[PDB]
Structure formats: C-alpha cells, structure tokens
Amino acid sequence: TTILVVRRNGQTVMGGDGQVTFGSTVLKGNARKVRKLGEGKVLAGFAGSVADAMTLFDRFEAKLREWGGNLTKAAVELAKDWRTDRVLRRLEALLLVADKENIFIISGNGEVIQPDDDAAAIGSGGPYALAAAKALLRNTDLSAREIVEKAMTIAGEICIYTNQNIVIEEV
Amino acid sequence: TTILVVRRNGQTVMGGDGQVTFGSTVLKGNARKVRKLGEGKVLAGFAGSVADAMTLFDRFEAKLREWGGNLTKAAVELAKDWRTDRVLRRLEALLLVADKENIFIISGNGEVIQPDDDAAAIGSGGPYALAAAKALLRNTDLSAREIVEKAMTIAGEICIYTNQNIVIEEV
Amino acid sequence: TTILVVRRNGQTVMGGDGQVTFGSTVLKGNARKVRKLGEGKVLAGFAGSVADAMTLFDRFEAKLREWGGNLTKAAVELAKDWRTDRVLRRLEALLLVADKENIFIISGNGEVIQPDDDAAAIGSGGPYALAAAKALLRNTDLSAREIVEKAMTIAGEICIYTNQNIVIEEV
Amino acid sequence: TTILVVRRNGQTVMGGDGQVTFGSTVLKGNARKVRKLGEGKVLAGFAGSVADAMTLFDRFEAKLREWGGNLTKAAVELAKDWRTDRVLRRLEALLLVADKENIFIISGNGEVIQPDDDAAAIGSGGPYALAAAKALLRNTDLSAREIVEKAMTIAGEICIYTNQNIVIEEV
Amino acid sequence: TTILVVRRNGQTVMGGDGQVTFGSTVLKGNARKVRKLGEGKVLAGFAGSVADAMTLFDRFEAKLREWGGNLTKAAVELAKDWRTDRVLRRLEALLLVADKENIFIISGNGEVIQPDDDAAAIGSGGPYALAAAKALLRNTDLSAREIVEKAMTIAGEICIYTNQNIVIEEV
Amino acid sequence: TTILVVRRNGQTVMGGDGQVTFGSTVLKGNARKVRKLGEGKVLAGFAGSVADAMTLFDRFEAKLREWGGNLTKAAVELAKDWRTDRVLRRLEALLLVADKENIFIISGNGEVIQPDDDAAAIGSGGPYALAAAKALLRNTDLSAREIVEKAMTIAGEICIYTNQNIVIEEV
Amino acid sequence: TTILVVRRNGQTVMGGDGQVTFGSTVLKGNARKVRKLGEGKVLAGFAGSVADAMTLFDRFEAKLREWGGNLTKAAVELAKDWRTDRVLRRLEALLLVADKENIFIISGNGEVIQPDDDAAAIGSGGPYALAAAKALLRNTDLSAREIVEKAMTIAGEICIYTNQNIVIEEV
Amino acid sequence: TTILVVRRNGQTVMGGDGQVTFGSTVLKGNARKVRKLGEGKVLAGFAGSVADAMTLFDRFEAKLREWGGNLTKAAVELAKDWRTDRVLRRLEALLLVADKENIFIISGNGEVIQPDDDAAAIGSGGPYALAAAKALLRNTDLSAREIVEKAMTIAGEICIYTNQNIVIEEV
Amino acid sequence: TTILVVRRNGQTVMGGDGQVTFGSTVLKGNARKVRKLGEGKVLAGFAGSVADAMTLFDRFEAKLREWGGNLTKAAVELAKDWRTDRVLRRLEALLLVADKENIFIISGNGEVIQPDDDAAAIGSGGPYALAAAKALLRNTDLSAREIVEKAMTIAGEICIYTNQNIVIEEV
Amino acid sequence: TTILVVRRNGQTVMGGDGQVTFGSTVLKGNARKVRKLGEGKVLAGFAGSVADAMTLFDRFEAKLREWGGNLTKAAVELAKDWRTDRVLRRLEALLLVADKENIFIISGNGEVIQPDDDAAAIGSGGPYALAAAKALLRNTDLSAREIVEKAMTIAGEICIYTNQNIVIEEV
Amino acid sequence: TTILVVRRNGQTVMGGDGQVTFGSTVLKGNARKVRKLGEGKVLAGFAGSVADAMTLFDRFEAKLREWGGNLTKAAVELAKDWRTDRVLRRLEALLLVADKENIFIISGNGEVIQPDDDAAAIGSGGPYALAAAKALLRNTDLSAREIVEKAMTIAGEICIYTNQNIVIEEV
Ligand code: NA
Ligand code: NA
Ligand code: NA
Ligand code: NA
Ligand code: NA
Ligand code: NA
Ligand code: NA
Ligand code: NA
Ligand code: NA
Ligand code: NA
Ligand code: NA
C-alpha cells in the first residue's frame, strides 16, 4: 500500500494505489484507499482494512464537528480516543489526513505527525513515493496532481505491495 | 478448504468442497460449506467452523434487513461489528458472500474485499480454483455453474486440504 | 487418550481408555472417559479434564431437553454456546457424542463434525483406533462391540498416551 | 517441591518437603506445604505460592461445607470454580487432597484425578517419592508414616528442588 | 507418505503410496517408493527423495554383499555409515527394508528398529496403515499381500499426505 | 517467480516470468529464467539466482552427454551429484527441465519429480499457473503455446512475486 | 527409556526396558538396551539409537583392551574421544557401564560419573527406577536382581517413555 | 547505507553516502563506499564492511583480467566463486558494479542482476534514492551527476541509516 | 529522541531535538518535545507520542494544582495514577520534568527518578547528551543554556534517532 | 558447583563442593573438583566435566614446565592454545588455578582473569562463597582454611547446584 | 568496558578502564586493556579476552612490519585475515588502534573504521566517553591526556560495565 499527499500552488492532492494483498496473492487491484471527510474539505487516506478505517473515520468526522472543523485539534483528539478507547484500540491501521493547509499522519499509538515539507506518505511504499515527490517538487514546476500520479506510479514499480491503479482526490 | 464464486450472464454461482481436516487426518468429506441467506437472494460460504459461520450469518441476515438488502452496506456493517463486538471478535471463520451484482470477502480483521473480476475465492485452495475460473471465463463461453464445477475439481486435485465433494448454490 | 465410536447394523458402541497423563508420567490408568446422557440414549466421551467435561455435558443435557432429543440441533447449539458464553469459553475438552443414528465431534472452536462413515474417534490415539476400526468394518463381519474393543486395544498398543483399560457403553 | 500421600492400614499420611526456591537459590528450607482442612479431617498439600494455595484452600473449605463433607463432590466443584472464576483462574498451583478413603490431585485446568493406587504425589520431585513409596508398599510392612518419611527423604536426595526437611500430617 | 511391510506365512510383502507433496500441493500421484534389492531377495521402501534413497540403497547393497546377506548386520552397518560418513550424513530419507525373516526401520540418526510384530510402517501415514494391518492380521486369515492392499487403502483415505496409488513388491 | 511447462499433442512449451525480487522491492522485470540445453532439445527453467542456475545447468549438460541424452537418467544423476558434491550442495535454485517426452522438477534435496499430467510448474506462482493450465488443457482445444501464455499471465496477475513479462521456449 | 544397575552381595545387575518411541508412537517394545562388553565382564547400557551406541561401544571395547581392563581408565579415555573425535562427537546418546566393583555414567560432554551409592540409572525413567531401587536396598534384603526387576517395573508404570519388558544382564 | 548509479548521455555516475552505523550510533560520517576498479574503467559500490568488500573486489579485479574486461562475464564468475568458495562464502555484503554500458547488482547468493532501467541502487536507502532518480530521469534534463547528488541527498533525508556526505565517482 | 535538562547556578534549562522516526525513516525533523507547565514554572519534555504526552501533562497540571506546585508530590501522585488508572495505563511516553529546584524522570512503570547531579536526560540519545553535559559542567564555566545546546548537538551527531533541531525552554 | 580460593598471610587454600547435577537431579554428591598440579605447587579446580578438566590440566602442566613454573605465563599460553587448538576448543570447563602468589580464572573464550583481592571463585555458587569469604577476610582474624570451609558451607546452603561435601587442598 | 583514544596537537592518547564482568558480578577492577605495539609507536586497546587480544595483536605486529608501518594498510590486512583465517575467525574481541595520525576500530566482521573526528571509542561505555571527549575538545584547550582522563571518569560513572580504574598510554 502507498498513500501520498502533495501540496503545491494552493492545491492539496492525495493519491492511493489499489492493491489488496493476502499473503502473497492479490485479492483486489482497484481498491479506493482515499476518501473525503468533513463535508468534502478533508482528504483521508488509510493503510489497513476497510472496516477499521471506516470506524476511525467515523470518530474523526465526529471530532471535526465537535471542534469547529479544526483539523489539528480533531487529529489530536482522535489520536487520544484511538489510544485509550477499548474499541478503537483494537483497530489496526495508519491514517493520513489533510486539508488545504495542514497534513497529519495519525497512528493508534497516539501519534499525530505533520511532516515539515510539502509532501507526506504512509504505507509500505510510502517512502518510495515520497522520495519521488520530493524530487519533482524541488526540480520541476509540475502540479501537485501530476507529481502524485508520477510518484505513485514509481512506487508501484518498485514495491511488490503497491500497484499502478491510482485513485486521486483533491481539496 | 475451497469456496469459489463466479458471476456470469447475470447469474451468480458459489461452490464449496466438503473436506474437514484436523492435523493431517481427514475427519469428514461431505461438509456443506455453502448456504443461501436473505430470502434466497444471497449466497454465503465459509472457511471455518459451523458455529462461527452460523453466528456470523445470523448477524449478517440482520444487517441485510436493516440496510434494505444492500449487500455492500451489510457487509461493511458486519465487518465493523465483527471487529468491535466482544462476542463476534472471538469468531475466526473467513466468509465469502455474493448476490447478482456483488461479491465480498469478509474477515474478522475488518476486511471487506470485492475483487475486480467476475470470480473470487477463499480457503487454502481458493487461489487454485480462482486461477482455473479466470482461465475458463476468459477462454470459453461456459456458464458460471459449469466453470465453478470445473474449477473446484481442479482445486481439489491440487490442494491436500480440498477434496472433490462439491456443493453448489446459485442465484 | 482415545475415544472411539463405531456403528454397525443399528448398534452404536463407544469405548474410551483410562490413562491420565501429566507431562510424561501416568497419574491414573483406570479413568472413565465415557458416559451415557439424555436418559440413556446418548453416548458421550471426552478427551480432557473431568470438570470441563461435566460442565459441558450438563449444558449438552439442557440442549437435548430444549430441542427434544435432536442430537444435531443440540450439538450445534452447544457449540454456539461454547463459543460465545464467557464461562464455557474457558473449557478446552474435546467431545464426541452419538445416538442410534448420528455421531458428532464438538470442540471449543465452534466445530460440529459428523464423519461420513460408521466410525469416529477423538484424542491423541483416535486416528489409530479409527484406522483399525475401518479395517475391521470393511473386511470382517465382526460386531460394533468387538470392533471397538479390538481397535481400542491396538490404539493403546501404539500410542504412549493411550492405555488398554477400556470402558464401553452402548445404545 | 515434593508432596506425597500414602494410605495403609486405615491411616492416611501426607508429607511435604520444606524447600522454597527462587531461580537457583534457596530462600527457605522449613516450609510447611501440608495443611489440614475440613475440621482436621482432610489433608491438603500444595505446589505453589502460599497466597495462591490459601485462596484455593478457602474456596475448598467452602465447597466442603456446602456439599456435606463430600470430598469427591467438593474437589470437582473447586476444579470448576478454579477453571472459570476470573479470580482463581489467575492462581497458579497444583493441589493434592485426601481424607481417610479418597485421594485427589486437582489442577487449574479442571482436573480432578484419583490415582488407582494407595499412593499419590505432586511437585517436581513427586514421581521420585512415588516410585519409592510404591516400592515400600509392595515389599515391606512399614506403616504409611514410615513409608512417607523414607520416600520423601529419597526424593530430597535426588531432586535439586526438594530438600530433606519433611513436614508430616495425618487423618 | 506411507510404506507398509507385512510378513505372513513365510511371505513378506511391502507396499507404498504414490503421493509427492510440496507445501500444500500434490506434485505427483504415481511415485514408486518401493524397490527390490539384494538380487530380488530384499524389499526396500523409502519416505524421502529419490537421490537420497538411491545413494542409501547403493551403500546398503554393498553392506549386504559384504556381510553375506545378513540383513541384520547390513542394516546396522549402514546405519553406522549413515551416521559417520560426511556424504551420507546429508541424506535425510527414512528407510524400511525387509526379507523373509526380518524387518528394519533405518534412520540417519543411527536408528535400526525391528518392531516385535509381523507388520511395520514408516511415513506420515505409517501408523494408520499399521493399525489397519495389525487388526487384519489378528482377525482374519488374509495373506500378507491382501492385508497390505487393504491397509494402504485405509491409510490413504485418512492421511492428506498419502494417496490410493499403491505399488506392491513381494519376496 | 513462475516457471511453467505444458505438453499437448507432441508440443512441449516452457514459459517463465521476468520479475526479480529482493525483500519486497522489484529489482528487474525482464529476467530470462528459461533456456534451451542439450543442443536445443531440452527446455530448462529455474527459480533462483543465475549463478546457481548456470553451474547446475552446466552439470546437467554433462550428464546429458554422459548418458546419451537420456533425460530421466541425466536428471537423477544430477540430483545425486547435487546432493553429494561439496560445491553443488551450496546451490539452492529449483529446476524444471523437459524434452519432447519427459518433465522433471529437480531440487538440492535430492528430489527428481515428474508430475503425472501434461503440465508442471515451479516457483511461488507455479500452483496458480498450473491450475489455469490444467483448466485450459481439459476444457479447451487450445495449443500448449497458447495455454502457457494465458496461464503465465494469470499467475502474474495473482502472485506479487510473478510479473507479466514472459519468455517462452519450445521443443 | 530406563536403564538401572544395582550392586548387592558381590553381584552387579543391570536392567533396561524395551520401548522405542518415535514422536508419540511405540515402534518396538522388546528392545535390548543392555549389552555385555570386555569379554562378558562389563555391563553396558545405553539411552539412544542402536548405531550410535554400537560405535561408542566399539571404541569402549578398544579402550578396555588398551588399558588392561581398567574400567575407570577406559571410561575416562572414551569420554575424551567422544568429546573431541569429529566422528563420535556427532553421536547422541548416554551410557551406563559397570563391572563387579565400579559403575560409571558417561556422556558426550566429557562426563564420567560414578554415583556414591550401590545404584545408578539413566534415561527418562532413570530417576524413578533409582528412587525405587534405593528404597528396596535400604529396607529389604532382596537380591540385586529382584530389586532391578521391581524398580524397572515401577518405572514402566510411571513413565510413558519406558515399558515393562525388561532385559536383565549380570556380571 | 545508500549506493546509487545513474546512466545518462553516455556518462555513468555512482554515488554513496558516508555513514557507518553500529547499533544506533554513528561511528563515521565520511565513509567512501564507492571505488574504481578495472584500471579506472569500472565503478564499484558496496554495502557492508571494508574488509569483506576489499576481498571481493580483489577477486572481481582478477575476474576482469581473466575474461578480457568483460563486465558481464566477470560478474557472473565472481558470483559463482562468492557462492561456493569457502572463504568468500563467509563474506557478508552486497555489491553494485557498472561500466559505461552495463550495471549489475551482485550478491553472495549467486545473484547477478541488471535492472531494466538507467538507474540502480542498493543498501537500506537504495529504494529511496532510486525512486528519486527515476523521477528526475523521466521529468528533467539534469545530468547523471546532478541526479545522483539530488537523489542521494533525498535518501539521506529519509533513511536514518544513510547520511548527506556523498562521494561520487564516474567512468 | 533526546531530552536534556541541566541546572547551573540557579538556572534550569531543558532542550529536546525534533526528529520523529517510524521504523527506519524520519517523518518530521522539527518536532517540539519540550514545553512549559504550571504557569510557566515547570519545564516538561517527553520521549513518545504527542497524544500520550498531552494527556499525561494535563494530569500533571492537575496534580500541580492539587498539591500547591509541589513538584515532588505532583510527580509521585502522577506516577501512582499512571500506574493504576485504566486510561493512563495505556500511555507509554517517558517524561522528564523540572522546576527551579528539582528534576524528575517519570514512567508508566511507576518510576519517579531524580538524578543526584545537576543534569538529567531521557530518550535514546539521553546518555550521550548526559555524558557531554557532565563533562562541560565539571570542566568549564559555561552556563546551563550553552551546555544544553552543545550537549544536545553532540547527542544528535552520535545517535541516529536524534537530530540537531533543538527546542529550548528555561526557568 | 562452587570452587573457591582464598589467600591470607602467605597461605593459599582452595575448596570445591562435590555435587554433580544432570538436569534437575543430583547424580553424585562426593565429586573431587580440586587437585594439585605442578609438583604440588599449584592448586587447580574446575566447574565442568572430568574429561574436559583432565585434558586441560595436562596441557596446563606442560605449559608450567615449558615456562618454568611461571603461573601467569602458563595461564596465558594455555588460554591461547585453548582458543586456537582444534581439539581443546571443544572443551568447555571453567578453570581456577593458583599458587602461593597468583590466582587465575581461565576459560575457553580466551579469558585469563586474576581478581584484585585475596579471594576468587567460579561456578554457579562462586559469588555466594566469594561474598562470604570477603566478609570473613575483612571482619575476622580467621585463617584462609577456616574461611574457605565456612564460605563453601554457606554457598552450598544457598545454591541448589552446590552441596556441603567439600574437598580442600592447600599450598 | 571503555577504551577511548584522543588526538590533539600532534599527540595521541589512549585510555582504558579496568572492570571485568561476568554476568552481574565484577570479577576484577584493575584490568590493563591498553598496550603499545610497533616499537612503541602504536597504541592498541581491546574490549574482549586477553588471549583473543594477544593473538590479534601478534598478527597486527606482523602486518605493521610487512607494510612498512602503514597503520591504514596493516589494519585493513589484519581485518581481512581476521575474516578469512580459520584460527582468527574464532576470536571475538573488538580492537582500537592508533598512531600519531590515524585511528582505527577493527572488528572480526571485516570492519575497519576511522571516525572523522579527533576522538574514537569502543566498548559498552565508549559512546559516553566519546560524547564527553568531543565536548571537551570543542570547548577547552585541554590536552589529549587531560581529556582522556576526564572523559573516562565520566564514562565509568554512567556505565555499570565500566569503572574508574584507568590505564593510559601515549604516543
Ligand atoms: Na508493484
Ligand atoms: Na485434494
Ligand atoms: Na499405550
Ligand atoms: Na534435594
Ligand atoms: Na489421502
Ligand atoms: Na504479479
Ligand atoms: Na510406561
Ligand atoms: Na539520514
Ligand atoms: Na542524529
Ligand atoms: Na545446595
Ligand atoms: Na561504572
């Protein structure tokens, strides 16, 4: 799995591959690992099972409403719940969320991390797409969308756990 | 074990073998691992114990009624419960359900997977039945029922955990 | 431990050895691992501790009453309870039950297995007794009672966890 | 640790060594691992910590009262509780109890075992004392008390986890 | 795999199945695991690879010639070599050899075992074929060949690693 | 990796994918894992390193010369050398060879296996290609060449260690 | 396995059971684990495979000849060889040897141990037979031979790895 | 560690970071992991200890001389030696070599791999530098040298086992 | 991560690096791991997730209020709550707090440690910063602020989990 | 095992216990683990097998001759031989030697250690005897002989691997 | 253990502690872990056994003479031998050598590391001594000898495996 988000020219674009692997066999190749939350204002990507992510996204949606759409506050509060709530604590997944100004990686270990760069990624192929994205951001004038398509494509080329069927969303 | 579902010409067929294994010994060769749910409109197969399957199918039936027969919604909600409910959380069977338009693999790990092809399978011999089904779907005009019959026979021939006693249900 | 059930010409016989092992030492050699339940119409054997067996058999007795002596129904409902009930879930014995027409292996993992043959067995020595039983069933005209005695003896001869002190019950 | 009980000439005698080991160092050499329960009518020995045994003995005392002093019934009921009660289930120890007519080994796994002989033993050195006791019972006319002293002494000689400071009680 | 030898009425017969398994898949179903050595006077079967078996049988043939056809001596000497020789020490197959009077199980661990019964077996399904053979030998007047045929069929039915394609040799 | 051989109506075809994986990253996607040996009469494929394969194929070539093109003899002698030779013993590739009449899987564990069917395969994706191949062989009139191409494609689609860049050789 | 030696009234008697176990199945029940060496003057027992013991006994025989029949010296020199010789060092077994005046336990770790008592034993059931032997030696006037028969019999009763078919030799 | 090689416009450039890590501490930050062989015509990079690499490079130099400067042949022959030579087989490292027309990754497992692209990399940070290099090669007109500097720099940013002190060589 | 506190001549300074590591990749390099609590009189740093830290610091703030700014009392009560509270028990961050007179390391294992020196540190790089800090405290006249900056730099230079982006707070 | 050496006022005394343990059973209680070497001028004790000790002591004797009784030189050269010699390298005993002026602990790992105090010890119980010895050396006027006896007794009292049967040698 | 080398003003100084630890007990506190080689022109320290160190230093001395005192060449060649030579390959000490211009850490894993700073260290406490040395070198004008003295004291204070008894050598 590879989820990548890139911000450039006031646009934030997030992409995700579509491969679902069980052991060493591909069960599905067109998975949609990127969704939209907060009334189409927040991008949300996930590395993990659908049900786990959905339950977490539900709690995240709630947090967004409760704290007036404050992404930073919502992310921290979700991390807290995910960490202590007996239910969510059993969920295994890694999240990547972002609006037009902030990006956060959130984990079940109480982590809320905003990389100090215009790009971030998670999943087994995350670092590959990220390296590519950082390269394109610093040496081309390509748009956020194009960088994501190209970086994700390169990640799929290298990682056996990530494919080339990329789904892209934007806010 | 091998459970295979094939969709063709608006018809959906599911087949399952009958072998039950404990360690290295075959305990039973005529198990029924396939049933019909949702008033005969849904096919359901399982890799696992009878009690686990029944407990899960009962919750699935409820999900179907609650969400107006929406297989996609019902599968997702069942997966969420399987992950949170302390009772279901102990059940370890692997499920395969389908109707005329969709197919879903559901696991106790919150996984809800719909392969992007007209065939899907679970169990130790699943991939063999699947490879055979794909080959037949793409190179013959055989019906969904004919393909399931022929694919299951091959899986039972290759996998030591799958036999040739097949039960078939159709919708 | 070896528990064996053989049915031949309307007669159903169950035999169990008496060896109780702790680590690598025999603590008792005359244990009774077989009994009659449901007003003398059901044969019940177990591979495990006596307290576990007693609690499970009591629940089985209740199921038999609630479902009007239906062995199949009773066995399935016991397995579902065994799998969901907070108390029973701690019980780890392996059970083998039979009446004049059906035979079921029941486990704490939700298993309810009826072998598709006229003999069934559980315990470390089960497979050996089963092999001997099938050989006699298919190549001699010996009665179920004789077969069980002879098969159990051979199992105790081969398995270090099974002895030759056999208890037999018939229905 | 070694706990041994021997019955001979209407007398039941139980002995236990006094060694308490932590890692490879002896912390105490005069431990009292044998107590009297049921108003001085039942002998009770234990391999394990004092607190664990005490809590179990308390529950055993209760069971004895509840079932009219029936040792067999009391032992089975304790085994059941020890197995399922969330509290006792956390206790780690092995028990050896006996009155003037019955002897039972009881474990946290629901086991209630009465050896088919006039002797029984538990603990790391149990089998050594037992072998000795069986030898003396079958080849001498020594009293139960003397057999216990000699057998325990031999166990202490052989096992590094059992010493020669023997405490003996009788009913 | 299952290799069974039965001695009866001065006649010795050895049978072997034909299944070859890699992981969970059957690679071949008609393997020949039984041969004749020592000028047609010795039966030899193996659980393991062809190259290993052949290398071992060649050394065994030499041992037979050297010790004047003494199966007992030849088996012991082969076992010693298998244990010391750096070349043979790498071979891991399990062997079963027999003539009109003796039977020996030989392993690379210096084991040379002659069971004290007129039947012996090796391989994953050996004990099942053995239990069946013992039952038939003690309850029928069937020949060594008939018993091997019937016992092997049963072993192949129970063991997922043994099939029904049997090769039989006799001396 | 997937190497597949299919024989139909006198034509023998071998196909192999081109993916080279190190850990979880693809290092090359156009590898040649199939070649012709013995003056163009023998098909040879391998799952492993190229240096291992070259050394083994060279020894195989020698065996073919020494035994006058006898594939069976050559395969067996190669396996014996592979198992005993101090040099070859360090080689861990898995081989698959075939001529116009025979097919053999050869391993460093002394295995020499000829499947009893008109198709054989090795490598992580072998079973999938095999299942697809058998399905097409038994339910279509497609040639060996077409079957291999189609089966290899399906194997690369399912297995994350096998890609779709196929090399084919025929005899 | 259980090997026991007892000295009393100028007579040294050594006994051994006959059970040979592979996993949890008895392959042979009349094994002869006690031999005579040094021209019928030295008793030699072994826990381990036949070939290993034989090779060690051969080297022991040699040592006895070399050092003029000095059992003590022969045992020490064998221990040295067993420890350093590349061949013997691969042998896995435990030995128990004795003449009319000395008893020694010898291991592949360079151990040569003479217990300070008139009895010694090795094997899984060794301590059980030893405890019994010590009991009979100190409380009866039974002969060495009878003590061995009774102690071994008791060991077979307790240990699942030792049986009641005892072979006895004397010097 | 990260070693990257890029070919563009008839120029082949190889770079390597300078970090040497022991546990979780940096012992050196200006390591030179890239050398020149074959009379300054071949680039050679290594992930592993200095001595191991040096010994391998020595053998590689020899192979280059022996086969007339044929990089492909030299690499294969080194792989063979590294695989079987008792000395080299003990060496633990991964190599990356290249001239102006070919690039090869060589391992101690007999692997000789030429990626099908104008870039290749090894070491823990290899895939990160590679992803970046592939991005720059396909979307900019930067020289091989600049791509290497930028890609390596990005790898150092991401991987904790790779730093920013890059050594670059060219042929 | 490295968090360091140094006190010299009434001045207490705390510094923390900014590297956030997931596995072996740096996700962020400018994290703020140090803050001021208790109305600007308490320095607080942490090695762990931000959500864990926030929850713990909030509880610490409460303790400070309840115990009238008594750092010792507050630290001890926080540790007791951390150890017993069902919520906090899931929090695994390591804390370091200090005011103008005391310094305490607090963990989820009930630890409350005040080093007996004028410097303290936590995190993977703590010991390195501590060593450097003590060296400067004892052999120079540098202020606490200068020492922290210099020590933190050296820690980031040696530890792969600590970087050079330092945040400093003083009281 | 415990071996202790104490030197006080020109007198050097070495004591060793006599317990020999195999697993968790005492096989002998009167072993001699201490001897005199170098014409009665060197005290030598060991924790290990007797064969290992004898071979090592013989080599030590040779070193003492070759280096003119220089204990330091002899101990170092023995350690170097122990570490490089193909034979000695298989020996795993731990040695303790001393003369009227020096004391050395020698191991197969090349260790040559002379404690900087007037007492030294090896074996599982060494530290206990050492603690007791130092206490008596520093707070009483007891002789070396008395101290060793008293310290060894206390060590045997605390350690389950050390008994109270002490052998003493003096120089 | 802690061995530290510091170069300053053309003077090179190496210091080492004297603690020797076995398990959790200090066996000696005045060990000499630092020596002078190459006619007093080279400093050599070690973390490991005396025999190992001496054997390695002897080979190092030879390397120095052979390569005309070239420390860099000698270190590399020693590392190669340590890796190939069957005798040295068993030595496991860690080495630290230096002269007026260079410093090298040498390991049995073929590692030859020269840190890019005027200080280096090995052993459990190395990093602490190193952090202290770097701090002093960059913030004072203290000599190499003064810094080593002060840094070693600090390392001994922090590490439980390093003490305050330091030996210092200079060149
Ligand atoms: Na991919
Ligand atoms: Na099958
Ligand atoms: Na038995
Ligand atoms: Na004892
Ligand atoms: Na089968
Ligand atoms: Na693929
Ligand atoms: Na027994
Ligand atoms: Na880095
Ligand atoms: Na760092
Ligand atoms: Na003791
Ligand atoms: Na210290």
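We're sticking with Swiss-Prot numbering for chain D, so the shown stretch reads 6-176, in order.
For this deposited structure, the header notes the method as X-ray crystallography, 2.1 Å.
Heads up, the Cβ atoms here are built off N, Cα and C, so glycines get one too.
These come from Swiss-Prot:
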type	residues	note
ACT_SITE	D:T6	active site
BINDING	D:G161, D:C164, D:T167	Na(+) binding site
What Cα-Cα separation, expressed in whole Å, is found between D:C164 (Na(+) binding site) and the residue listed as 'active site'?
9
Just the number: how many Å between the Cα atoms of the residue listed as 'active site' and D:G161 (Na(+) binding site)?
9
D:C164 (Na(+) binding site) in three-state DSSP notation:
strand
Of D:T6, D:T167, the recorded positions given in the record, which has the fewest other CB atoms within 10 A of its CB?
D:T6
Starting from the Na(+) site formed by D:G161, D:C164, D:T167, give every other residue of that chain whose CB sits within 8 Å of the mean position of their CB atoms, in sequence order.
D:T7, D:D22, D:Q24, D:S129, D:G130, D:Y133, D:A134, D:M157, D:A160, D:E162, D:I163, D:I165, D:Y166, D:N168, D:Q169
At a 10 Å cut-off from the C-beta of D:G161 (Na(+) binding site), count the other C-beta atoms across all protein chains.
23
For ligand 4, which among the recorded positions D:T6, D:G161, D:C164, D:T167 have a CB under 6 Å from it?
D:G161, D:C164, D:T167
Is it possible to get the count of other C-beta atoms within 10 angstroms of the C-beta of D:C164 (Na(+) binding site)?
26
